[PDB]
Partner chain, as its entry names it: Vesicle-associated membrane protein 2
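Listed next as C-alpha cells is one chain, alone, in the form deposited without its partner chain.
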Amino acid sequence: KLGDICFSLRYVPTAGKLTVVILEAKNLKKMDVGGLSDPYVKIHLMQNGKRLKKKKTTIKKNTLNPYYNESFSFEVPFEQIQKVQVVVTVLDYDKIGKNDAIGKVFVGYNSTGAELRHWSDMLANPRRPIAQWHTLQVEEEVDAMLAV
C-alpha cells in the first residue's frame, strides 16, 4: 500500500484565492530497508492537465505517520477553481539519493468520488476550510488520470 494523507482545502472567491492545507500522512510505505521513511507532501496546481504551480512541505525524517498542518496559498480565479486541480503528492526523502514516491492524491475536474466531492465541497464553502483523509494512490495512475 501507499498510505493516507489528510489535507484541508479553502477557496476564497471574494478575492479569487485558492488554499491548500497539509495536515498529516499515515500508513506511509517504508522506503528504508528494515528502517523508517522520510515522507513529505507536495502540491501542484494544474489546469485541466497543465502544470502551473509546484509546492512542497517539510520533511518528516524517519517516520510513516507524521503530522504537518501546513497552510499553502494559491492564486486561482473564481472561474478557474473549477477548471484546476490540486494534486497532493507524498514523497520519501533520502538525503543524497532521489526522493521515492510514496503516492499522490488529486482533486478537481478529472477527480471523482471522494476526491471530486472535496474539491466541490471547497467551492461550496468559499470561506471555510475543508479537511478530509485522502488515500495516496499510485502516482503513475494519478498522472494517467489527469492526462486526457
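Positions refer to the first chain, counted from 1.
Below, we turn to the form deposited with its partner chain bound, even though it does not appear here.
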item: Contact of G97 with its partner chain in the deposited bound form (heavy atom, 4.5 Å); value: yes
item: Distance check, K30 to its partner chain in the deposited bound form, heavy atom within 4.5 Å; value: no
item: Touches its partner chain in the deposited bound form: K56 (any heavy atom, 4.5 Å); value: yes
